[PDB]
Colleague: 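Take a look at the following structure, please.
Only heavy atoms go into these numbers, but all of them, side chains included; no hydrogens, no water, no symmetry mates. A, B, ... follow the sequence lines: proteins, then strands. Residue 1 opens every chain.
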Amino acid sequence: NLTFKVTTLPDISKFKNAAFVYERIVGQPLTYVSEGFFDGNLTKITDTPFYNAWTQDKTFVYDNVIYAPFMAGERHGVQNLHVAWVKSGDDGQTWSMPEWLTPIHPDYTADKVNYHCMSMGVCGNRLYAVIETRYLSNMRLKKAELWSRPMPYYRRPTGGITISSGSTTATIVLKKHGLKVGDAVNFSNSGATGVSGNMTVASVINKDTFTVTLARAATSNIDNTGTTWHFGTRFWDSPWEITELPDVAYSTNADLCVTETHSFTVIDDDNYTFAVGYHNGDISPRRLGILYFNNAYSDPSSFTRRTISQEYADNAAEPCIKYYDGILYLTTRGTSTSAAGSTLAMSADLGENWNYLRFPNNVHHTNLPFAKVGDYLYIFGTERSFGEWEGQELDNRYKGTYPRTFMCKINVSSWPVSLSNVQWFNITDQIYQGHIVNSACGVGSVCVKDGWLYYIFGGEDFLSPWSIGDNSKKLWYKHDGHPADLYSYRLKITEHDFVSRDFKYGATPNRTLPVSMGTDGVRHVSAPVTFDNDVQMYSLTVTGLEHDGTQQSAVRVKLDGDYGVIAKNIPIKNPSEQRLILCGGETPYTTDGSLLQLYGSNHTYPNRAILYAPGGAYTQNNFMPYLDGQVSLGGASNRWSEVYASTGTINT
Amino acid sequence: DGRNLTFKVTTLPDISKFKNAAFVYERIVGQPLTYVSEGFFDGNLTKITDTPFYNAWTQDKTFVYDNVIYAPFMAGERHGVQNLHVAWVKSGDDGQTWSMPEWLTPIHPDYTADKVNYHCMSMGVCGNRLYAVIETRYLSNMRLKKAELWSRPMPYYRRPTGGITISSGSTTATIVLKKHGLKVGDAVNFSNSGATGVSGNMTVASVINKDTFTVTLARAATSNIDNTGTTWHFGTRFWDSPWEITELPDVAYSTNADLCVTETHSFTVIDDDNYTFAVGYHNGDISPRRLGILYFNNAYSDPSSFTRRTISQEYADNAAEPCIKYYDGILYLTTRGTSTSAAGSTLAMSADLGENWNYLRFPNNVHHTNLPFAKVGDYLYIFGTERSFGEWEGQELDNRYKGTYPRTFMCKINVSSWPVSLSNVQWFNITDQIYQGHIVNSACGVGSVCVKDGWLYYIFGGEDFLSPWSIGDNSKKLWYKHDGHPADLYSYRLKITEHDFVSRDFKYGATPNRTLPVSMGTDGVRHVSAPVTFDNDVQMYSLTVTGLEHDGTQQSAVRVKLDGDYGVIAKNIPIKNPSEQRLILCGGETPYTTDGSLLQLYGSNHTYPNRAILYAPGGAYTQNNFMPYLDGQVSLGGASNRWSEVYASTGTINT
Amino acid sequence: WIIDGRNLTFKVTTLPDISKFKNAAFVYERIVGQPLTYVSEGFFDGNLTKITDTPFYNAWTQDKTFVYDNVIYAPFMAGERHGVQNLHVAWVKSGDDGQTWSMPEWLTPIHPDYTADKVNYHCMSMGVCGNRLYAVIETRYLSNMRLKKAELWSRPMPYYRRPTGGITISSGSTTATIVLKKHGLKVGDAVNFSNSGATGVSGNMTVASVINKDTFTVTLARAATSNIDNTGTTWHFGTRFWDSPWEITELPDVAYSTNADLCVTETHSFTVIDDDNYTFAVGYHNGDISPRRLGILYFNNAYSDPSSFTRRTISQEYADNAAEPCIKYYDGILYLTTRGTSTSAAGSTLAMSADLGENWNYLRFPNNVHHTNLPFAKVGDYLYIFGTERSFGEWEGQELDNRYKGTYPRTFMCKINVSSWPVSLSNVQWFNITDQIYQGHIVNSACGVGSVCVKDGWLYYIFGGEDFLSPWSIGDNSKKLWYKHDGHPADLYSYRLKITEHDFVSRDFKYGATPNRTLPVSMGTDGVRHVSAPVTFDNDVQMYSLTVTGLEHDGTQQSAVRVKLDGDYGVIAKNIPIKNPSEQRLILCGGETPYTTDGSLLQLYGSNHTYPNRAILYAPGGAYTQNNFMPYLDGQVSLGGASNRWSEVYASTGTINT
Ligand SMILES: CC(=O)N[C@H]1[C@H]([C@H](O)[C@H](O)CO)O[C@@](OC[C@@H](O)[C@@H](O)[C@@H]2O[C@](O)(C(=O)O)C[C@H](O)[C@H]2NC(C)=O)(C(=O)O)C[C@@H]1O
Ligand SMILES: CC(=O)N[C@H]1[C@H]([C@H](O)[C@H](O)CO)O[C@@](OC[C@@H](O)[C@@H](O)[C@@H]2O[C@](O)(C(=O)O)C[C@H](O)[C@H]2NC(C)=O)(C(=O)O)C[C@@H]1O
Ligand code: NA
């Protein structure tokens, strides 16, 4: 590669392996790369009409799978919002459908709050997340809870299962299991009678040992020494451990206030020591630092606030934090174009004391997620709209623009003397749509899997949400919905001593609603599906016919609600026909079955009802007029032929 | 590495073994064409629709507006207007990815009664309004019954300062908004106006001038209002605005060759502020042909007023489907040639809005394709596609009824001065498409060109080798049978200026989630987050109707509604045990009386055919008079089904 | 890239940074004594595409791929595990030279006796002969995967012709004779005609008789009234593949047996020897009973005699520890490769026969190639042969299986000159051309088990790979439900390799469309998504509300709108309310809303209602019964009650019948 300084940007697309240093704003050089300069490329990873944004700062890799958690909503607020993730099982080439991790808050309507999250990661084989409850009205933090589950994982251990005759307690040795009482697990081929299939953790003895309860007592002494068996957690069946974090909430007291929790890093995996970033950007003087948890497994409510110096917390927010080899690294977001901005900091004593390096030129509006690879920090940020990156530049909103994403690479083999000469590289450009002031661009997160690093972050497209227009309600299903979606910049960070794993995708996408063309020539959908909105269809047959050909005897339509309504719309063609016909046979004719016809108010004879039952109409129970002494049985032109009763005297 | 140089070869080499090279080759003696390797042009092809409809004919409707690229086309089933919608797909990312089709016209309201439907090859934007010539054509023979100019305000956003005034006691608010393009009745939206009563969704009440309109307040102002100094937000509501629809006199088939119109095609603006524009047209039905433009001097104030301006007969003979574009006082035009054995496509220009033309015939009888183009700097970039392989060259015969790889071509004509001749025109084969082969018709080409910033787009048709089986089991041309129709759209995106920015490109690795947006819920089930209408028969294993919305609000009333003149809920003949056939309606959760009252209607196949039985442990009641339908014929009880006792206010039966 | 290797090969001590090279290859001994070659981008003009993406366990193209009338077919099985539970034989297809691939189409239904007999279908041998599709459709036990029986299934291929002349009818006859060369049709096959120029020969018809290879008849709806001969008329013909019954023929003794000479473990691979005479071969082996047998089933004329075949085996030396032959016939020579079944015994062998499988010449691959079939095609003088290890590091001879953790198994290709048949394969050069993923949470791997086909200047190795998303069989999904979580990670890939000069401008495109074939959606002028195909949901559906419209695409509105229920009986029921259980009831309405001002109503109250289990009929226009109306029990049910007296009773006779 080669880098040189230009007075004007050249035709960048013509070149390879080149980068151009250019001062768009005088005195603020940035470097613009051509293709081939870095071995990195951008992939779009969500494409839904929700406002999908804010991976900050939650990405992680676990058991070969890359997780990109984010929030799927409709605006910069918690209206209709789920904390969610998408995942990649192919090193970031393709990404799954969004999965909601939080439900809509149970008190959404009553208390006008909903969930939110910017801090999530894995520690000691458990997922941890700071799930915040925020007000719909003003986005203030009402309270915050640490949520945890055992991660989804698989083990193939040998031995370690013992049960005494007469006991219902089975003891299971499983190193660093990370389980808690009540967690859901599964066993196969255990070689220990009664320890099989789906079970629940009954007790935890130590880091490597737990118990489960058998349905019935063992009738011999059991020890599966020598037997190789299979174990899996059941993440989706395990109750979340939910622990309120005291004083983590909005407050008008500057020393209590928390604006956001953000970022997560493990200090000691086996002892559940980790840190969560936080700041107060609501009440001066600001505070920014970490919440340090000495042992989140045994004491999930116990943490201490460890802050950075005031002059680096001023005009700052949203620390990204990562621990490596005894050193905790931190970057901040600057909150003003006209004040000193983002800072890089490190601590060798778990946040009690820091060394600081300010980035020059008031880096602002972006968090700066990063990873350490070898001797370098790879640090990324994205401006919200074109031309806002440079210090002192004004916001550029309300028109469509191409915001720049930047990366720098800082050698920390020893702590740098200064970042005055930092070289930011513009590595990709995104789109800011422009018809609302808010931008989803950036607000990202960095993770690493083997020889690839991922900066996973937001960008938009030029299709308007029409908030100003016919969609002030921000309905995602109207027109093009919201243009905020996620992208992944995947950068090579080590030698790739293997032949390519890459592929082009040429398949029919078939996970969201899996369709196969049947031998009947019709599309079959092979998953249960719930439609959250109004559905119309040309005709409906309810089949009771499953995949393997089993035909149910009872075919069912069920209605929820306080009451169910099956009704007949006013006809468009011939309103005088209006009626609902319920049929015991295949067609609405008495040769095929009994029928009940309920006529509507538009019918020629409005609101009549007629029962047709050639085989006889029967009532199992007493049959009466609703009101006493008012309703006739038969009529003057509709006399029953004869009345049959056990007594021939009418009771008056 | 050919260093962007060109070679003349006796036979085509292994083109995939080179970059930045082009090869001049005469497949047909005397008719050289140039074949490019990767890299010769900074251009690439993207497939932009993938639906089982017959999706074809962007000609000549594409446009770019407020950063979005629009590719209008027709989605139907054949070369005809059966089942067809005028539609578009759009790109919000410079042509990398494209939206679901949106239908712009409904099926014609008189489709069945009058046997006609809509059609469009002319659409564009003038003065912040969408304009289209929406044709009504006969299903039987495709003849043009009538044509209408349709317009709406474009979807757009503004952020103005000041300009809203209201006098005390008035219900009229006056809105200054430059070049608004609105008409009375158009739908708009306001936010943060700083003017009481001017807020949310409103309708244009009157238009005062090009820069000023009014809206009507729900109640009279109680003071003089002027939002001077206030910055506010404005948006049109395109989809809520009525179309203005204007019949175009004599734009229809006619046996009079001076009236007859075969097709309207292409659109270009001459003056945006004064709504002056032209639409291409030709008569290819009645000799002598006519070809030229419909010129509208002011389509805003007088949408029905236009004049015909034709090219000369010499160049109208054997021609059709003019593409027209206006730049800096000059109207440029290309034609489609209609015969392999007569002089073909012509390039022309007019400095007087079509009253006179300067002509340049392309050599070698270019035919069967329209030639859409754009001017960029001193050059016209002109594109065309053969319908099937080997048809491009003059005098070549049609090559249908087998699968082939038709070539797409581009030429680049320097018009800094008008050329002396096109005899030396260099056509570059820039991409190859597929013609499927099992029907004579081809959707290849029939395209359109538009430009956004440093990219030009040729958006056009191609097929694939999957048969529609029109000869086979699908002569009805049902799109949902087998693979439907192979016609879909493609976009060739070509760099046409310096790109002084880092790449905006990305690879698409997302789960596509716009057509039926699905998320996996915390319940472990797929949730679909949009209303959906199924236009065909649906079957399902079981159904629960929930009344449960996204935010968790649960409706008290859960509803199943049936349209039609009458609604039928019926029980098919059982496959396993026909003698059980019955429908059970239940007031509780299961069909047992411990859970609720039940009505069972037995079918004709039941062991006890055609019985009805009502189960109501809490009592069965009728609010109204309850009678036999026939008089004197129906029994109440029976000899072995006696009521225990009868209770009535009078003990005398009325005979 | 930094270094242009200029298509040269380096011998290296350890693999370098391969992604920094183009046009380069590296010979490396991961295992000492077993060199393999690793390629950078550009070394071969070949690239990988993912071609299925569904949550089923989609695997085993082996060895069924083929190209017909410009379309590439990739048949496979869509199921849930290494077994036939819930499984369909299926295919996906490409109409654009392998760039994009269709939704799966099920070719076999679930076996009609799946529940009663506990068996289901399976297939590893399929192809085209004489314009018909042929497949050996196996019936296997769910419990142990043994082969119960096997059937030869065939249909005419979907095809189109544009002939001239050839249709004759005698006056007075209802038989039309159709000349169509090598039609491949059988009696009962479904066809379609257009523009025949022969009265009565039009539209959808059925084959009535077959006269010879080039001639068949159809029956007219009425007798011709003149002598008809459409000589000089150009017309149109299509088969109707999907409307033609399958010809299904049992293959005697192709089944599990404890007799080593009858036992068939699998039928596998297909190749045509003579298209016009319907001579073809199907591979097979017995790997269940020692001594093993491996070879071909040779069908001399499958059209006239689909049940007639002979077994032709390779020598015991090369059948031992072997399975799953891939077989291909070219220019009078039949080539065969085997799968090796042990890492610690001599493995895959390449063989050729000049006499249709009676005698073979053999070449053992060195180093115990095992666990993979080796599909191939011949291009010029060379066989291009492909295989994939099941998990990383299993390829080399003697290496142990490496399961139960996620890994990146290697795919390999070699190129063997068979015009000059080698003396030995000792110096075979295997190239690692792409790497797949083995997910790791179950022992079984879908990687490989592939098939090779060719279209013009491109060769396709179409085969399996996984991804790292677990199926949770150990976890909450031991039932292997595809619709739970991410379903199964097994899906198909196509490695498309340039094999001739490409003397044309690129046909390639990037895909940037909204995928819209599975459930075709358009945004309507009503601002709602419309789905433009019939759809059947095989699982439970919930929806917020439902309107049944009777309104079709062209705007035609049905007078009768229909909801129908299958089953023995249909149930429409009211669940227990979550908000206010005391309201529980179902309201059936003749008008649009549940109020008597809009229509008659029948209200059925639930057991949780304030007044449990009542039924009330509201009929302001009068309630009528056409038929006799009676209590179900005799002498037990009252008509009216003490506080619910009818005003007056009207009957033709005033005496109650007791
Ligand atoms: C991946 C998977 O499905 N694993 C399951 C496993 C498999 O079905 C496998 O084929 C057998 O290892 O079976 C598991 O259940 C074993 C269980 O069915 C029997 O061992 C069973 O176990 C008892 O429940 C018990 O241990 O209390 C009692 C019972 O008498 C006994 N039945 C028989 C015939 O032995 C397993 O291996 O644990 C469950 C896995 O989910
Ligand atoms: C692709 C396709 O739809 N092909 C059909 C084809 C075309 O509709 C077109 O009409 C070409 O002829 O029509 C086919 O049917 C035409 C047939 O209905 C008429 O020829 C009709 O048929 C007779 O009844 C008959 O042959 O028995 C005789 C009768 O006089 C005649 N009626 C008229 C008005 O011509 C075809 O060409 O076969 C069917 C194709 O599916
Ligand atoms: Na097309």
Side-chain angles (χ1 to χ4, degrees), chain A residues 495-501, chain C residues 5 7-18 21 24-40 43-44 46 317-318 320-324 326 337-351 362-376 382-403 405 407-418 422-438 445 447-450 461 463 465 495:
Chain A
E495 292 187 21
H496 290 178
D497 58 337
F498 45 83
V499 168
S500 179
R501 282 75 185 263
Chain C
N7 259 255
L8 299 172
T9 299
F10 301 97
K11 308 216 180 315
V12 298
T13 57
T14 178
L15 294 177
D17 192 350
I18 294 170
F21 291 80
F26 308 94
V27 183
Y28 170 58
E29 297 179 16
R30 188 185 76 89
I31 301 303
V32 174
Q34 296 192 56
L36 298 168
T37 300
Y38 294 78
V39 309
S40 74
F43 187 83
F44 293 120
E317 174 173 6
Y318 296 99
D320 290 336
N321 306 121
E324 290 174 0
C326 288
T337 59
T338 59
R339 171 172 166 173
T341 59
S342 172
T343 192
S344 60
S348 294
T349 300
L350 171 64
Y362 303 100
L363 289 169
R364 182 83 69 174
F365 286 89
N367 299 130
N368 305 353
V369 178
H370 64 284
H371 290 350
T372 182
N373 67 320
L374 294 182
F376 64 92
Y382 296 93
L383 298 189
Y384 285 77
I385 303 173
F386 294 79
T388 302
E389 62 188 355
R390 297 278 179 159
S391 178
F392 180 71
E394 298 182 3
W395 184 265
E396 293 91 338
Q398 301 288 351
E399 288 300 299
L400 301 182
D401 290 351
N402 183 28
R403 306 297 170 87
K405 63 180 68 181
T407 71
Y408 291 102
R410 293 162 296 171
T411 283
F412 296 94
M413 181 187 77
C414 68
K415 185 173 173 173
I416 305 307
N417 190 324
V418 297
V423 170
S424 171
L425 290 180
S426 59
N427 294 119
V428 63
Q429 181 170 22
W430 290 107
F431 296 94
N432 179 19
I433 47 162
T434 173
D435 285 356
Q436 276 51 72
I437 290 165
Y438 160 69
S445 178
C447 294
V449 290
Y461 170 47
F463 67 108
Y495 182 83

Colleague: Could you pull out all residues at least two apart from A:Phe498 that satisfy ring pair (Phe, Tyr, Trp, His ring centres under 6.0 Å)?
Modeller: A:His496
Colleague: On a heavy-atom basis, which atom in C:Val449 and which in C:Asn373 lie closest, and how many Å separate them?
Modeller: CA-OD1, 3.4 Å
Colleague: For this output row, return yes or no: ring centroids of C:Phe392 and C:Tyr408 closer than 6.0 angstrom.
Modeller: no
Colleague: Could you walk me through whether C:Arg30 and C:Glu399 satisfy the side chain to side chain contact (heavy atoms under 4.5 Å, CB included) test, starting with their C-alpha distance in whole Å, then the side-chain angles of each, then the deciding distance to 0.1 Å, before giving a yes or no?
Modeller: CA-CA 11 Å; C:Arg30 188 185 76 89; C:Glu399 288 300 299; 3.8 Å; yes
Colleague: What closest approach, in Å, do C:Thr341 and C:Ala323 show between heavy atoms, and which atom pair accounts for it?
Modeller: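 Reported closest heavy-atom pair: CG2-CB, 3.8 Å.
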Colleague: How many angstroms lie between CZ in C:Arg339 and CG in C:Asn321, if you round to the nearest 0.5 Å?
Modeller: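 Rounded to the nearest 0.5 Å, the CZ-CG separation comes to 12.0 Å.
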Colleague: Looking at CZ of C:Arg410 and CD1 of C:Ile433, how far apart are the two atoms once the value is rounded to the nearest 0.5 Å?
Modeller: 13.0 Å
Colleague: Please walk me through it: do C:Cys447 and C:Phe463 pass side chain to side chain contact (heavy atoms under 4.5 Å, CB included)?
Modeller: CA-CA 7 Å; C:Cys447 294; C:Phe463 67 108; over 6 Å; no
Colleague: Using modelled atom types and a 3.5 Å cut-off, is there a donor and acceptor pairing between side-chain atoms of C:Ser40 and backbone atoms of C:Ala24?
Modeller: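 Yes; at least one donor-acceptor contact below 3.5 Å.
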Colleague: Closest heavy-atom contact between C:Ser424 and C:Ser426?
Modeller: OG-N, 2.9 Å
Colleague: Mind checking whether C:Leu363 and C:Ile416 have side chains closer than 4.5 Å, heavy atoms only?
Modeller: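 A side-chain contact is absent here, since even the closest heavy-atom pair is not under 4.5 Å.
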Colleague: Assess whether side chain to side chain contact (heavy atoms under 4.5 Å, CB included) is satisfied between C:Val27 and C:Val12, documenting all intermediate values.
Modeller: CA-CA 6 Å; C:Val27 183; C:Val12 298; over 6 Å; no
Colleague: What do the steps show when you test C:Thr411 against C:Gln436 for side chain to side chain contact (heavy atoms under 4.5 Å, CB included), and what is the final call?
Modeller: CA-CA 7 Å; C:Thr411 283; C:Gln436 276 51 72; 2.6 Å; yes
Colleague: List the atom of C:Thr37, the atom of C:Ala25, and the distance in Å for their closest heavy-atom pair.
Modeller: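 Heavy-atom minimum between the residues: CG2-CB, 3.6 Å.
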Colleague: Taking the six-membered ring for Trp, are C:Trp395 and C:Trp430 parallel (under 30°), tilted (30 to 60°) or perpendicular (over 60°)?
Modeller: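 Correct class here is perpendicular.
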Colleague: Hey, which of C:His371, C:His370, C:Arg403 is the one that makes side chain to side chain donor-acceptor pair (under 3.5 Å) with C:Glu394?
Modeller: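 Only match with C:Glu394 under side chain to side chain donor-acceptor pair (under 3.5 Å): C:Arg403.
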Colleague: Looking at residues at least two apart in the chain, or sitting in another chain, which of them share a side chain to side chain donor-acceptor pair (under 3.5 Å) with C:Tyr495?
Modeller: none
Colleague: Report yes or no: do C:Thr338 and C:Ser348 form a side-chain donor-acceptor pair below 3.5 Å?
Modeller: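 No donor-acceptor contact under 3.5 Å links the two side chains.
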Colleague: When rounded to the nearest 0.5 angstrom, what is the spacing between CD in C:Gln398 and OG1 in C:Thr343?
Modeller: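 Output value for this atom pair is 5.5 Å.
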Colleague: Measure the spacing between CG of C:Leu425 and CG of C:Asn367 and express it to the nearest 0.5 Å.
Modeller: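 If I round to the nearest 0.5 Å, the distance is 11.0 Å.
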Colleague: Are C:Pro366 and C:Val428 side-chain neighbours, meaning at least one heavy-atom pair lies under 4.5 Å?
Modeller: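 When only atoms from C-beta onward are counted, C:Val428 and C:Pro366 do touch, with a gap below 4.5 Å.
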Colleague: Using ring pair (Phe, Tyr, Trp, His ring centres under 6.0 Å) as the criterion, list what pairs up with C:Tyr438, not counting sequence neighbours.
Modeller: none
Colleague: Would you say C:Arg364's side chain and C:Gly347's backbone share a donor-acceptor pair under 3.5 angstrom?
Modeller: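 Judged by distance alone, yes, a pair lies under 3.5 Å.
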Colleague: Measuring from atom CD of C:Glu396 to atom CG of C:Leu36, what distance do you get when rounded to the nearest 0.5 angstrom?
Modeller: 5.0 Å
Colleague: Taking the ring of C:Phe26 and the ring of C:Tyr28, is the distance between their centroids below 6.0 Å?
Modeller: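 Between C:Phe26 and C:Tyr28, which both carry aromatic rings, the centre distance is not below 6.0 Å.
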Colleague: Decide yes or no for C:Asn432 and C:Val39: does some side-chain heavy atom of the first lie under 4.5 Å from some side-chain heavy atom of the second?
Modeller: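 Not in contact.
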Colleague: Atom CG of C:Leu383 and atom CG of C:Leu350: how far apart are they, to the nearest 0.5 Å?
Modeller: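 With rounding to 0.5 Å, CG (C:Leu383) is 6.0 Å from CG (C:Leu350).
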Colleague: Measuring only between side-chain heavy atoms, which start at C-beta, is C:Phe365 closer than 4.5 Å to C:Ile385?
Modeller: yes
Colleague: Decide whether C:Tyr384 and C:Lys415 meet the rule of one side-chain donor and one side-chain acceptor closer than 3.5 Å.
Modeller: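 Yes, because at least one side-chain N or O of C:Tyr384 sits under 3.5 Å from a partner of the opposite role on C:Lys415.
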Colleague: I want to know whether C:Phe43 and C:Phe21 have ring centres closer than 6.0 Å.
Modeller: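 Centroid distance C:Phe43-C:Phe21: not below 6.0 Å, so no.
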Colleague: Among C:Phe44, C:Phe412, C:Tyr38, which residue satisfies the ring-ring contact (aromatic ring centres under 6.0 Å, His included) criterion with C:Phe431?
Modeller: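 Filter result, single survivor: C:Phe44.
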Colleague: Using a 4.5 Å cut-off on heavy atoms from C-beta on, say whether the side chain of C:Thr407 contacts that of C:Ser391.
Modeller: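 Contact flag for C:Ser391/C:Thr407 side chains = yes.
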